[PDB]
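Engineer:
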Amino acid sequence: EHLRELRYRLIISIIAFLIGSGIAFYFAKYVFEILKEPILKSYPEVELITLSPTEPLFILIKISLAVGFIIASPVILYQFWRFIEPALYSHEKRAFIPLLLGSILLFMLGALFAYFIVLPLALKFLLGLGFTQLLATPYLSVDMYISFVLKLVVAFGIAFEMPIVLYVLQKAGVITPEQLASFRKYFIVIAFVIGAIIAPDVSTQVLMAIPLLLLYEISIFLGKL
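Numbers in the authors' numbering are just positions in the sequence shown, counted from 1, shifted up by 4.
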């Protein structure tokens, strides 16, 4: 039965996923403007053009999905939690609700952080480094950028979860604070691996990474038993 529950909770997450995608589809052209402002106001000379033959949808869809995972996270986190505790780890259920709410706001926070802190600071190191304006004007490619923004905004939105998800793991006794202090070095690559999978150059890869690592240090810090 431990095996069937997953097949009955996963479908509840994907089905809700398609609901947040259908709704977002309409707010795609809107959410799309948002993702442009950072560049349309900071560097108006920079020109973003669809190098593609006529693929403005590919961008509208990719967005309508990721962001769709943002508005649907409230259900996703719910199904997730209700599949592990009290299910298999915790027990009390008064600690369940606060888990949902917290994890919920932590998602919006994890989502806001990147879009308002990471992404902006990223571009600054991408083309905002010195008077290197001559090598970049009708050069900007919407894809590279847009694709970057989203992937970056999501990875961070989720990454933020590790804490709470790991916090509960420790309180239950599955993982001790020390076991992590010994995984510090190994995790460093993790943050540098994910940081390389979405960031173009070192400056960016390193940038975003640090924040995750740092937050991961908060988790262990919370290790107050």
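A virtual CB, placed ideally from N, CA and C, is assigned to each residue, including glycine.
CA-CA distance, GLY177 and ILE38?
Structural biologist: Approximately 43 Å, taken between the alpha carbons.
Engineer: Please classify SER145: does DSSP put it in a helix, a strand, or coil?
Structural biologist: The answer is strand: DSSP assigns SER145 an E or B state.
Engineer: Assign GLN137 to one of two classes, buried (16 or more other C-beta atoms within 10 Å of its C-beta) or exposed (fewer than that).
Structural biologist: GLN137 comes out exposed.
Engineer: Taking the beta carbon of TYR220 as the centre, do at least 16 other beta carbons fall within 10 Å, making it buried, or is it exposed?
Structural biologist: Buried, because 16 or more other Cβ atoms sit within 10 Å of the Cβ of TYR220.
Engineer: Mind checking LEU55: buried by the 16 CB within 10 Å criterion, or exposed?
Structural biologist: When all chains shown are included, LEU55 counts as exposed.
Engineer: Looking at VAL50 and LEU131, is the spacing between their C-beta atoms short of 9 Å?
Structural biologist: Contact flag set, yes.
Engineer: Quick one: give me the first and last residue of the alpha helix (DSSP H) that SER68 is part of.
Structural biologist: Segment 60 to 75, the alpha helix (DSSP H) holding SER68.
Engineer: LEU22: buried (16+ other C-beta within 10 angstroms of its C-beta) or exposed?
Structural biologist: So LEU22 ends up on the exposed side.
Engineer: Measuring alpha carbon to alpha carbon, tell me which residue in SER46, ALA20, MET112 is nearest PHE164.
Structural biologist: For the residues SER46, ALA20, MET112, the minimum Cα distance to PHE164 belongs to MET112.
Engineer: How would you label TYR190, buried or exposed, when you count the other beta carbons within 10 angstroms and need 16 or more for buried?
Structural biologist: Flag for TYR190 reads exposed.
Engineer: Assign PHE160 to buried or exposed, taking buried as 16 or more other Cβ atoms, counted over all protein chains shown, within 10 Å of its Cβ.
Structural biologist: Counting Cβ neighbours within 10 Å, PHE160 comes out buried, since at least 16 surround it.
Engineer: Any idea what DSSP makes of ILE53, helix, strand or coil?
Structural biologist: Here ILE53 sits in strand by DSSP.
Engineer: If you follow the alpha helix (DSSP H) that residue 247 is in, where does it begin and where does it stop?
Structural biologist: For residue 247 there is no data in the structure shown, the boundaries of the chain being 5 and 229.
Engineer: The alpha helix (DSSP H) with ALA126 in it runs from where to where?
Structural biologist: Start and end: 123 to 130.
Engineer: What are the boundary residues of the alpha helix (DSSP H) that includes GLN183?
Structural biologist: Per DSSP, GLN183 belongs to the alpha helix (DSSP H) from 181 to 185.
Engineer: Please report how far the alpha carbon of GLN83 lies from the alpha carbon of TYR12, in whole angstroms.
Structural biologist: Rounded to whole angstroms, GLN83 to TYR12 spans 10 Å at the Cα level.
Engineer: Is the Cβ-Cβ distance between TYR119 and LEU52 less than 9 Å?
Structural biologist: Cβ distance not < 9 Å, so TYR119 and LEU52 don't count as in contact.
Engineer: Give the DSSP-derived three-state secondary structure of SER46 in the structure shown.
Structural biologist: Correct three-state label for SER46: coil.
Engineer: Alpha carbon to alpha carbon, how far is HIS95 from residue 244? Give it in angstroms, no decimals.
Structural biologist: In the structure displayed, the chain extends from 5 to 229; residue 244 sits before or after that span and is not available.
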